[PDB]
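Presented as structure tokens, the chain that follows is alone, the form deposited without ligand ADP.
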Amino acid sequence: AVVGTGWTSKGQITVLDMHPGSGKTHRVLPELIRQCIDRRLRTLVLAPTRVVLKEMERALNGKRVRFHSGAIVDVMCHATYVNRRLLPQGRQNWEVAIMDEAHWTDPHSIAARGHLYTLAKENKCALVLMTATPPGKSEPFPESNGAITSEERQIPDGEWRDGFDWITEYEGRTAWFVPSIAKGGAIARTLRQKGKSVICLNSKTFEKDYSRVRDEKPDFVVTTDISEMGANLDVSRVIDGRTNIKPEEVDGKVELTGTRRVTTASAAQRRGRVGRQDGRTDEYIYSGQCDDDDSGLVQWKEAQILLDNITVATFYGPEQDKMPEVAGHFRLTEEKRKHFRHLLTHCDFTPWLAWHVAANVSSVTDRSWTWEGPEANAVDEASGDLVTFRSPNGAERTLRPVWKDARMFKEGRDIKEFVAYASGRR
């Protein structure tokens, strides 16, 4: 344990920065809840992912905790907390809030910590943030439970043949972080034609396929940033090119082109996959430097869209500089918020797309915005022909949305699901 009491006093903000593998989920979290239950405080616990929520349920074995897909402790995902507050008829209160993996730059995660920070600064709760890389200044090589030898090497950015023998001559298991699902597939194919087993983890596969890692012990896990929020990959080496995809609003559209250097918090979390056990020395092989200035990413606008609709609120204080507009800018009328919530939760829309649709379109039944956009917004398959579909009246449409978000058409979303919506089947 790190803190005694007073941590549950209204207006207290506590940051627990504990290294991975020193018993946070199964030692520290269960002691914090014991205290809450003993003091009879309505406690909220936020997990980043279903994988971590399930792990919390095992560690909180034998307490009155309510887990969400007569107890005073509720456990749910970051995203569940925020999505619930999008119904103004929703909005239960807790006096203590514990947020696990509180560094995540997912918009729901940013909005949750901002909302809870706002409440605690007004003395409506206590807030614990559990993360090795708290928002604010980060170190790329923070302390670990066991040794990590970190070395800079050139890392392949796609398929290779010769010149990188150190990758495949290695005897232990490796996690290789990649900036995108597409780049992952290239790396995965090359490793497999060099005789290695590979599992790919990303936004799309993580919830389902995390368990194959433990079960199948592949030579390589080729992973996106999805493994930076509590994933135990049980590897002895990380390979980290220190890049990520850069979703950005450019000329009124969300683009996904090229990469950014990771933030130092990301680099530390990637490295943080190893060094979990004392008595053994692991390896972190990386290429190049970090860039902490991610203020350009659309995630901050999306965090504001959510925060303005679950609520003067601020982001979690160091992050407030990254709020792109005046607080409240994106607030919707109750009726439009209901549309917004449906698009997020039932149609798998990004916050950016769901906001533009709900703010602007007349009725929840209109689909004409999906074909009435400017010509340059038309959506192509990888084969080069523009996507077409039929409206219920048999009219042939070209997919050409008024608001274009590249994330709807690749990187773990399929054109086919968006066409289900556009054709009025969803």
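Definition used throughout: the rigid core is the maximal C-alpha set that superposes within 1.5 Å between two forms. Residues that one form lacks are left out of the comparison. Numbers follow the displayed sequence, beginning with 1.
Gaps at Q89 occur in at least a third of the other compared entries of the protein that contain both adjacent residues.
Per the record, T311 and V312 are separated by 4 to 9 deposited residues that are missing from the model. In this entry, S69 and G70 are separated by 4 to 9 residues of the deposited sequence that lack coordinates.
In this entry, 287-295 shows the higher mean Cα temperature factor of the pair 287-295 and 177-185.
Per the PDB record, of the two stretches 117-125 and 341-349, 117-125 carries the greater mean B-factor over its C-alpha atoms. Going by the entry's values, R42 shows the largest Cα B-factor out of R397, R42, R50, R367. Of the candidates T243, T223, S266, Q89, the PDB record gives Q89 the highest C-alpha temperature factor. In the PDB entry, a CA B factor belonging to the middle third of its chain's modelled residues is recorded for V274.
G373: CA B factor lies in the lowest third for its chain, per the PDB record. In the PDB entry, a CA B factor belonging to the lowest third of its chain's modelled residues is recorded for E248. Per the PDB record, residue ranking by Cα B-factor puts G163 in the highest third of the chain. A102: CA B factor in the middle third of modelled residues in this chain (values from the PDB entry).
What follows is about the form deposited with ligand ADP bound, which we do not show.
With the site C-alphas superimposed, the ligand pose in the entry with it bound sets ligand ADP onto this chain such that three or more atoms are within 2.4 Å of backbone or C-beta atoms; a blocked site results. Within 4.5 Å of some heavy atom of ligand ADP in the entry with it bound lies at least one heavy atom of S22. The shortest heavy atom separation between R276 and ligand ADP in the entry with it bound is within 4.5 Å.
At a distance threshold of 4.5 angstroms between non-hydrogen atoms, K54 is out of contact with ligand ADP in the entry with it bound. When contacts are judged by a 4.5 Å heavy atom cut-off, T350 does not count as touching ligand ADP in the entry with it bound. Here the chain stands by itself, but in the entry with it bound one stretch of 394-402, 370-378, 36-44, 23-31, 23-31, has heavy atoms within 4.5 Å of ligand ADP. Listed residues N145, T259, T311, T118 were compared with ligand ADP in the entry with it bound; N145 is the one with a heavy atom within 4.5 Å.
Annotation: the position in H26, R50, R34, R390 displaced by at least 2 Å at CA between this form and the one not shown, with the core superposed, corresponds to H26.
Once the rigid core is aligned, the segment that moves between this form and the one not shown, defined as three or more consecutive common residues whose C-alpha shifts all reach 2 Å, runs 18-26 and is the only one.
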